[PDB]
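*Asks:* Could you have a look at this structure, given as structure tokens, before my questions?
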Amino acid sequence: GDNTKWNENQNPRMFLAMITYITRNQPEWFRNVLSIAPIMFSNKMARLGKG
Amino acid sequence: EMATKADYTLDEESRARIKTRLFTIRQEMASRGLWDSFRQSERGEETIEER
Ligand SMILES: [Mg+2]
Ligand SMILES: [Mg+2]
């Protein structure tokens, strides 16, 4: 089996949910520093290129 | 003060200078009412908290 459009359907919000469940009962600084990447990817911009 | 085998490597006048600087600093502290918490801040400052 292959999965189709894998990267285009992987949502950063679900990565944030996964990281939040994985880092339960951890120090809060650790959860924050692990949560920043899904947040930044949820608000990301794609540069269009050369034109 | 204390020292291993009571061998204060320095002499009386230099240790007196050190003690005079410490006393001056502590009284400068108590002038601004800062000494109490600083005195009670020793049992935790060998533990580095991440923020
Ligand atoms: Mg395959
Ligand atoms: Mg393929």
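Residue numbering restarts at 1 in every chain; chains get A, B, ... in the order shown in the structure tokens, and ligands count up from 1 in that same order.
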Please identify all protein, DNA and RNA residues within 8 Å of ligand 2, counting only C-alpha atoms and all ligand atoms, and report them as a list in words.
*Replies:* residues 2, 3 and 4 of chain A
*Asks:* At a cut-off of 12 Å, using only C-alpha atoms, what residues contact residue 22 in chain A? Leave out same-chain residues fewer than 6 positions from it and give the result as a tab-separated table (two decimals) with N, CA, C and O atoms, in the first residue's frame.
*Replies:*
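Generated output (out.tsv):
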chain	number	residue	atom	x	y	z
A	15	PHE	N	-0.84	17.36	14.25
A	15	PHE	CA	0.48	17.20	14.84
A	15	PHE	C	0.55	17.89	16.20
A	15	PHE	O	1.16	17.37	17.14
A	16	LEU	N	-0.11	19.04	16.34
A	16	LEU	CA	-0.16	19.71	17.63
A	16	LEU	C	-0.94	18.88	18.65
A	16	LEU	O	-0.52	18.77	19.81
A	30	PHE	N	8.89	22.36	28.15
A	30	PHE	CA	9.11	21.31	27.17
A	30	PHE	C	7.93	21.20	26.21
A	30	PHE	O	8.10	21.14	24.99
A	31	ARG	N	6.71	21.20	26.76
A	31	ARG	CA	5.52	21.18	25.91
A	31	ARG	C	5.46	22.38	24.99
A	31	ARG	O	5.10	22.25	23.82
A	34	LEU	N	8.02	22.11	22.20
A	34	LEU	CA	7.62	21.08	21.24
A	34	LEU	C	6.36	21.47	20.47
A	34	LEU	O	6.11	20.92	19.40
A	35	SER	N	5.57	22.40	21.00
A	35	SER	CA	4.35	22.83	20.35
A	35	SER	C	4.58	23.93	19.34
A	35	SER	O	3.69	24.20	18.53
*Asks:* Return the neighbours of chain A among the residues of chain B, cut-off 10 Å, counting only C-alpha atoms, as a VMD selection string.
*Replies:* chain B and resid 49 to 51
*Asks:* Would you save the residues of that selection, restricted to N, CA and C atoms, as a PDB file, in the first residue's frame?
*Replies:*
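Produced file again24.pdb, reproduced below:
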ATOM      1  N   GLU B  49      16.440  26.105  36.488  1.00  0.00           N
ATOM      2  CA  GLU B  49      15.075  25.953  36.007  1.00  0.00           C
ATOM      3  C   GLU B  49      14.967  26.489  34.585  1.00  0.00           C
ATOM      4  N   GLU B  50      14.411  25.679  33.689  1.00  0.00           N
ATOM      5  CA  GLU B  50      14.260  26.057  32.290  1.00  0.00           C
ATOM      6  C   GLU B  50      12.928  26.769  32.082  1.00  0.00           C
ATOM      7  N   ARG B  51      12.963  27.877  31.345  1.00  0.00           N
ATOM      8  CA  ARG B  51      11.777  28.681  31.072  1.00  0.00           C
ATOM      9  C   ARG B  51      11.622  28.851  29.569  1.00  0.00           C
TER      10      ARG B  51
END
*Asks:* Ranking A:47, A:25, A:6, A:18 by minimum distance to ligand 1 and counting only C-alpha atoms and all ligand atoms, which one comes first?
*Replies:*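 Nearest to ligand 1: A:6.
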*Asks:* Between CA of residue 17 in chain A and CA of residue 42 in chain A, what is the spacing in Å?
*Replies:*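 Computed distance, CA of residue 42 in chain A to CA of residue 17 in chain A, equals 12.1 Å.
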*Asks:* In Å, with one decimal, what is the gap from CA of residue 13 in chain A to CA of residue 45 in chain A?
*Replies:*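 Taking CA of residue 13 in chain A as the start and CA of residue 45 in chain A as the end point, the length is 15.5 Å.
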*Asks:* For the alpha helix (DSSP H) assignment from backbone DSSP, which residues of range 6-51 of chain B qualify? Please present them as a list in words.
*Replies:*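 Secondary structure check on range 6-51 of chain B, alpha helix (DSSP H): residues 12, 13, 14, 15, 16, 17, 18, 19, 20, 21, 22, 23, 24, 25, 26, 27, 28, 29, 30, 31, 35, 36, 37, 38 and 39 of chain B.
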*Asks:* Provide the CA of residue 12 in chain A to CA of residue 46 in chain A distance in Å, to one decimal place.
*Replies:*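 CA of residue 12 in chain A sits 14.6 Å away from CA of residue 46 in chain A.
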